[PDB]
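Asker:
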Amino acid sequence: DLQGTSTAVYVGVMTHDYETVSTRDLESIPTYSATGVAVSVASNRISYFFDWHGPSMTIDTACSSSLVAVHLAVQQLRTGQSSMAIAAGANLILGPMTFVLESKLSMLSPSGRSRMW
Amino acid sequence: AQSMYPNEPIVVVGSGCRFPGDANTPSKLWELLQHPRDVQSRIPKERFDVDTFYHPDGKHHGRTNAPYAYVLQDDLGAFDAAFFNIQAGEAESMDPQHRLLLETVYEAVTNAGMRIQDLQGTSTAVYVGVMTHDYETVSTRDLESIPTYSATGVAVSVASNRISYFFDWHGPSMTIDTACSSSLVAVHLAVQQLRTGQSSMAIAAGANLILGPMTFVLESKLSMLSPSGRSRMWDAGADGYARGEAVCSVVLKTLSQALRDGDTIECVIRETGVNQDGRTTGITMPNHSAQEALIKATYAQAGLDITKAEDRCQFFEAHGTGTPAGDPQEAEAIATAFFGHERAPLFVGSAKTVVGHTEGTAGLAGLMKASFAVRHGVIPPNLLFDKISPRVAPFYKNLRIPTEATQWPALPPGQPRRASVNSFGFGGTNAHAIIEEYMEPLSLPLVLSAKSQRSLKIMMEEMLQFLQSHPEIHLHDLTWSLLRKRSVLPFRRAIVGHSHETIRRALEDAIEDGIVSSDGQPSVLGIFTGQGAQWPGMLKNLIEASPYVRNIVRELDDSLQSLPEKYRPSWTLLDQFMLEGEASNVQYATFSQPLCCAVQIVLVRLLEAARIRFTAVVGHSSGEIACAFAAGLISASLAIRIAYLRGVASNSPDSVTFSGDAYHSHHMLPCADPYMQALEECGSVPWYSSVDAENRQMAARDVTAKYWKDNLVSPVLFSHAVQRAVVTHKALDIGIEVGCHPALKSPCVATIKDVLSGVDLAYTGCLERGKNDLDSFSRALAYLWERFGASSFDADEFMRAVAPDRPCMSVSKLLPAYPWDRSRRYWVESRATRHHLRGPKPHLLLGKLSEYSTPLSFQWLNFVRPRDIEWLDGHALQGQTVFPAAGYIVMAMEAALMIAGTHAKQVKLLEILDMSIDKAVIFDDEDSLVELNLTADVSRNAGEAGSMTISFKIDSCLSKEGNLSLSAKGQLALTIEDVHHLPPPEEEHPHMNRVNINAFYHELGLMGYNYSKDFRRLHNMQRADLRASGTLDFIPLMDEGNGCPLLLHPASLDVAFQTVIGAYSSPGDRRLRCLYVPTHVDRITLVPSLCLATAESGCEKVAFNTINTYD
Amino acid sequence: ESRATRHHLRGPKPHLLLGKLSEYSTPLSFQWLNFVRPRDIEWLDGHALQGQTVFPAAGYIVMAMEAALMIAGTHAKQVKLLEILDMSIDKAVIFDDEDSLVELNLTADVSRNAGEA
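These protein sequences, in sequence, are chains B, S and R. Counted from 1, the first sequence has number 125 at position 7 by the deposited numbering; the numbering is strictly sequential. Read in order, the letters of the second sequence correspond to residues 2 to 343, 353 to 451, 471 to 548, 555 to 683, 723 to 735, 761 to 782, 794 to 1089, 1100 to 1231 in the deposited numbering. Counted from 1, the third sequence has number 1008 at position 70 by the deposited numbering; the numbering is strictly sequential.
1. Check for me: the alpha helix (DSSP H) holding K1079(S) runs from which residue to which?
2. Ignoring anything shorter than 3 residues, give me the beta strand (DSSP E) runs that lie fully in the stretch 798–875 of chain S, in order along the chain.
3. By alpha-carbon positions, which one of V859(S), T1205(S) and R244(S) ends up nearest to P1103(S)?
4. At the level of alpha carbons, what is the spacing between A1183(S) and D1134(S)?
5. Near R1147(S), which residues of its chain fall below 6 Å by C-beta distance, leaving aside the five closest residues on each side in sequence?
6. Could you tell me whether the Cβ atoms of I307(S) and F357(S) are closer together than 8 Å?
7. Between the beta-carbon of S151(B) and the beta-carbon of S940(R), is there less than 8 Å?
8. Is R1114(S) near the ligand COA, going by C-beta to nearest heavy atom under 7 Å?
9. Alpha carbon to alpha carbon, how far is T337(S) from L295(S)?
10. Would you be able to state if there are at least three C-beta pairs under 8 Å between the stretch 370–385 of chain S and the stretch 421–432 of chain S?
11. Comparing C-alpha positions only, which one of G321(S), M286(S), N408(S) and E446(S) sits nearest to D312(S)?
12. On a CA-only basis, which of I211(S), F54(S), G230(S) and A1002(S) is nearest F20(S)? Give me that one, please.
13. By DSSP, does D978(R) sit in helix, in strand, or in coil?
14. Compute the Euclidean distance between the alpha carbons of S161(B) and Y136(S), then round it to the nearest angstrom.
15. Counting pairs of Cβ atoms below 8 Å between the stretch 260–270 of chain S and the stretch 216–233 of chain S, do you hit three or more?
16. Look at the Cβ atom of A633(S), then the Cβ atom of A651(S), and state whether they are nearer than 8 Å.
17. Would a C-beta distance cut-off of 8 Å place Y962(R) and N112(S) closer than the cut-off?
18. What did DSSP end up calling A479(S) once you bin it into helix, strand or coil?
19. Comparing alpha-carbon positions, which option in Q41(S), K309(S), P857(S) and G1053(S) lies nearest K1015(S)?
20. How would you write the range of the alpha helix (DSSP H) that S594(S) sits in, first residue to last?
21. Which residue wins for smallest C-alpha separation from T1214(S), given the options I1155(S), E501(S) and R1190(S)?
22. Based on DSSP bridge pairs, tell me the residues matched to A126(B).
23. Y1131(S) by DSSP, collapsed to three states: which one?
24. Could you tell me whether the Cβ of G341(S) comes closer than 8 Å to any Cβ of chain R?
25. Among residues of its own chain, excluding the 5 on either side of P426(S), which ones have a beta-carbon nearer than 8 Å to its beta-carbon?
26. Against chain B, with Cβ distances strictly below 8 Å, would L947(R) count as a contact?
27. To the nearest angstrom, how far is it from the Cα of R534(S) to the Cα of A645(S)?
28. Helix or strand or just coil, what does DSSP make of residue 787(S)?
29. Assuming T1045(S) is part of the alpha helix (DSSP H), what are its boundary residues?
30. Can you check which of these residues, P419(S), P391(S) and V921(S), is closest to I411(S) by C-alpha distance?
31. Anything in chain S within Cβ reach of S184(B), meaning under 7 Å, just list it in chain order.
32. Name the chain R residues whose beta carbon is nearer than 8 Å to that of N1043(S)?
33. Let me check understanding here. Comparing Cα to Cα, which of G437(S), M775(S), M1141(S) and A24(S) lies closest to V1222(S)?
34. Report the neighbours of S146(B) on chain R: residues whose CB is nearer than 9 Å to its CB, in chain order.
35. Using the C-alpha atoms, what's the distance from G984(R) back to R977(R)?
36. In whole angstroms, what is the alpha-carbon distance linking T133(B) and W930(S)?
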C-alpha cells in the first residue's frame, strides 16, 4: 500500500559510532561501507526499501534530533505533500568514541544513571 | 507582484561562501563560475598525504582512487576564535566544518545587510547540511589526546547549534544530512520554517571538508569517486565524481519580510520540493522517475506549469556528478519533466564540474550558481564537458550543457529569469529548488568595527583598498551600509571625510594612528555654544552640500522676513558670510548672534533627524536661544527670529569669564529694553535653564519676553545648569557642544566631572574651529557611534531626512568580508593521527607504517588479498593461494630499506639471520583479506660501526574473527653507509643434467606446489651431485604508489628456493614425496645495490647456483 | 569487527604506565600506547627535575617489567624471575605542565620465547 507512495522519512541520529568503528581501520572496510554507515542513508535506505518518495532526512540536533525530525514530519504532513511520515530516531553504543568524547566534558553520569532533577 | 504565488516565495538576502579556487566570498565564487579554471588539485599534504592512500584500484583495501579534489586554498586550521568568544581548546575541538560555517554565516549576514545585534536574540532559524564529519573521525581516531570540548566541537548537530549559540538565535537549528542533497534539503526546511512565519530569518548552510581519507576510502570502495579527479558532467569520461571542499551559508527570509527589512536581494527561492528515490536498482542508483516526479511537484507547488515555457525554467543546475549511471538517470528525469509530451534547448549546468562535488553543500553550491546566474542573467559554463555521454545522448535532445558564459535565453516581458537547482545524495534523497531573479519594480561617518584591534586595522586597510578599487560606489550608500546594514563590534573606529578622496586620506590617517575604541544609549546632553565662539564661514560646507541644510536656510530666511519692518532685515549672513571660500570674519553682534543661532539650529535639527534624544542645557545668548529651540517647545523660526532681533559667565566651578569693558553688564542693560519690547511683537525635551537656577528651568515661563531679556542681562549660570542636568539624569551617556566648538569643552567637561565626582562622560563637538562643517559633523557622529554602537543614532532616518533623493542602497554585498584574524591555527593533529594522514608512501608488501612507529621501532600494517597483489596468485600450495615464504623475506628487506631511509642510511649489504616461518599464510580466495603486520625493532643501531641489527616479525591473521599470529620472524643485519660484498659465486658444477622446467613444475604440482605464472619464471636449470644451477628471471617489482622498485620480486626469490627442491628432486623421480615449505633460514644475504641495478637495467634474466646441503 | 578494531573495543585492561595495548599487537610483539600527563598519574608530580616534572627513569623500568608481566600472561606463563639487560635512557621525558600529554609507546618484541627452556 505504501510502496511507491510519497511517504516521508525523518530520522534523528546523534551518534554514528559504527562509521567511526567499522572505519577506524581503513583496511578491511567493506565495499558498501560508504552507504552502509553514511548518516543520511539511515533514512534514505528506509525509503529505498519501502519504495517511498517522500523526503528522507537524517536529522542530527544531538539529543533533540528525533523530536526535531518529528517536527519536520509534522510540517511535511501539514503541507499535504506526504500522506505519511516516519519520524524515527536511532542511538546505539557500538564504540567508545562517543563515550570518551562526552566524558571529556563530564556530560555522562559516572553513577551510570540519569537521576532526573 | 512576485509574492502572489501559492506559497510565499523565499528570497536569498545574503550569502557566504568558502569555495575552492580562492572563492572565499560570493563575488569570487561568481567570477569563478562564469570564468571557470582548473581549480582541482592534488590533495594538499597539510590535509592528508593522499599519496599515502592513493591506488589505481578504488576497491583496494584502505586506498582511494581519487587523489584529486576541489580543495580550499585556505588554511582551515586558522580561525578567528576571539571573534566568536571560543577558547583555544574548544576551537581545536571544533570541526573545521563548524568554524567555516560560522565564518560563512557571518559573511552572509554582513552581505545580507543584517547586524548581529539586530538578529541577536531573535527567532532566526538555522539548517546546516553536512554529509561528512571527517574531523570527528580524524581528531577522534586516537582516543588519547582528544581535547576536552571534542564532543561539542565535532558533534554534527553542533554545526548549526553553535551558529545559533554565537548569534544568540532562537530559531530551529538543524544539521541536516541527506548526503549530497543535505544542504538543499536544509534550504527546503528553512523555506518551510520561514513560510510558517515562526522565524524571521533562516540560515540554509552546508559544509563539506576533506580533512581525512575516511570518506575518500569509503566512497572509492564503491568507485563513486572519479579516478580522473574531476566530475565530468554527462561526459563520456564519466567515471564518478570529484570530492570538493566548500562551506556555503545562505540567508533566507520571506520575500515580504526581506522587502520590509530592506535587505539586498540575491534571488527568489520560489519553491523547494524534496523527494526520495524508491527501491532503485541499488541504494546509490538514482531513480529518473522519482526525480521527474520531484520536479513536476515542485513546479506545481510553485503555481508553475512544467509544459509551458513561460513557467518552465531556462536554466537547470543539475546534480551532474559525472557518475556513469546517475547522470543518464538525471538527464532522463529532466527531459521527461520538461519534455517528452510533444525550439530552443534548455540549459543545464552542474556547479559540481567547476567547484567539484562538495557533497553535503553540493546542493547549496548549485543553488549559489543558479542564484548568481539568475541575478546577473548569465548562464555559467561547465568546465569539464568535452563529449556528451552515450548514455545521456538519448535524453540530451532537448538539453544543452553550456561550455561558455552564455547569455540568458529570450524571456517574455514581465517574467523573471527562472533557474532550477537539483541535488541527489547517495541513497536517493533528491532536493529540487526553483529560483527566480527578483524583479525589483553631508556624508555619514565611515564606521568600521571588529572583535580585535588587529582585525579592525585590517578592516580599515581592506576598506581603503576596496575604495581604491571601487571609487564609483556612492559614499552615502557605503556609509549607511556600514552603519545600519553592518554589525557593530567591541573594537570600533569611524572615519571622517566629505568625499572618496577625503575618506581614503582619513583611512590612511586612522591606520597610522591605531587609536580605536573598545567595547541602547542614545541619550545626549545638548550643550550650546554662546556668542563670541563663532568661527568664519560656519555651515558653508553644510549649506553648499546638503539640500536639507539649504531648506533649513530657507526657513531661516522666512524667519528673517518675519521680523518687523522696524528691524527687518538683519542682513542675511546666510548668503553674505556662509559662503565657501570667502568666510569673512563674523564677530559683530548683528551677524555673530544670528549666525551662531542658525548654526546651532541646523546642528540640532540634523541631530534630531538622526533620532538623537536630548537633555538640553542653555549656554549664553545665541547658545541660550538655540537651546531653547532644542527643548521642542520653541519653533526653530522663533529662535532664529529672536537671534536676529537681539543682533541689533560661570562656565564651570573653576572657570568663569565675566565680560565687560559687553554682555551681562551695564553696557547691554539698557540696550535689551527695545529688544524685549520688540520680542513681545516679534515672537517635550528635558530643558534646564542657566539664566535662572532651577526656578525657571520650566516649560512655560521660558517663553516670556522677560526670560529672553534676562538671557543677555543675567550672569549665565551655565555651570549650575550643567550640574542640574547631569545630576538629575545620572544615566546620561554623552554631551555634545552644539554649535561652534570649542567654546565650552574644557569647562563643561570639568563641571560634569565635578558634579559626578571622578566620572568623565563623553564629549563631542559637531562644528570644529575653522574646520570643514561636513568633517566636524561626521566626526561627531563617529564619536557617538564609537561610544554607543548603532543605538547612538539612526542612520536610516538621517538619510531619510538628508538627501531623500537616491535612498541609500545596501551595498554590504560589495563591501569586503570581515578579515578573520587567522593568526593562530586551531587543529588536532595527534602525532599518531598525523602519521596516519601523512606518512610514507604505502609500500607494497608492507602497507602503511603504523602511526606509533619510531625510528627505532616499526610496524608496517597491511591486509594482503591476492587480487590486489597481481602476482600473488602464482604461489599456490595444495590449490590454496599461499603467501610465498620468500614474500616474508622480501617484506623484511623492504622494511630494512625503509628503516635505513628513516635514519638516512643506505644499505651496502643486507643480511638476514635465524629467520623462521612459524605459520604459512593461507588465502581462501583472491578477495580474502589477510592482515600482515611486519614489526621491526632495530636492536642495535650502530651506524657508527656501520651495522644495524633489526629483529623483525611478520604477524598474520587469516580472518577478522581470528587473533593476530606469527607467520615469520628473524633478524636483519645491515651493513650501511651514511648516504664484492658477497663471495663470488662458486664455479659451476662440471657435470649437470639439464632439467625440463615444464616437467619439473608438473612434478611439483603433483606433490602440491601449484606454482603459476610469475612464480615459475625459471628460464633453465640443471642438477647433479645434489647441486643445481641455471638461469632464473630476476623479474622486477615496483610499487606505483611508492614510485620506486623493490629489491626482490618474491617470485624470483621463491624460484631460487625452488632451485633447492630441483637439486633435491629431479623432474619425474618423485623424490619430493611430500610438500616442503620453508620454515627456517639460517641466513639470507642480499646486496641491494646489485638487485636494484639488475631490476632497473632490464636484465632480469640472471644466473643462480644452489647447494642442497641436507637431503 | 576488524581484528584491530575488535582489539580496540575489546582487549586487556588499560594497564597503568602503559595504557591500552596496540590493536596490532601479537603474542610475540607488543606496543602499549599511552599519553601520560602528571595529573592523571597522581604520583608523577613528585619526580621533578630542574622544576620540570620529569618521567622517572625508574618509570621506564616499571613499565618494562609490567610489559613483561603482560607478555607472560599472554602466553599464560608466570615470571619467577624478571631481569633487564643493557637498558638505556636515551631521552628523558619532560612534562611542561600537569595537564600536558606526553605519548609513551612501549614496544616489546620477545626475541626468544623459550618457555621450553
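Yeah, the Cβ is synthetic: ideal placement off N, Cα and C, and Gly gets one too.
Answerer: Result, derived from the coordinates:
1. Unbroken run through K1079(S) is the beta strand (DSSP E), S1075 to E1087; no alpha helix (DSSP H).
2. 844–848 and 872–875
3. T1205(S)
4. 21 Å
5. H1109, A1183 and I1227
6. no
7. no
8. The ligand content of the structure shown is nil, which means the ligand COA is not present either.
9. 12 Å
10. yes
11. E446(S)
12. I211(S)
13. coil
14. 23 Å
15. no
16. no
17. no
18. strand
19. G1053(S)
20. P582 to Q596
21. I1155(S)
22. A203(B)
23. strand
24. no
25. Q3, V269, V384, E446, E447, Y448 and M449
26. yes
27. 26 Å
28. The model of chain S omits the segment between 782 and 794, and residue 787(S) is among the residues lacking coordinates.
29. Taken as a continuous stretch (DSSP letters only), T1045(S) belongs to no alpha helix (DSSP H), being part of the beta strand (DSSP E) at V1040 to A1052.
30. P391(S)
31. Simply none; closest approach about 12 Å.
32. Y962, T964 and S967
33. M1141(S)
34. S940, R941, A942 and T943
35. 11 Å
36. 32 Å
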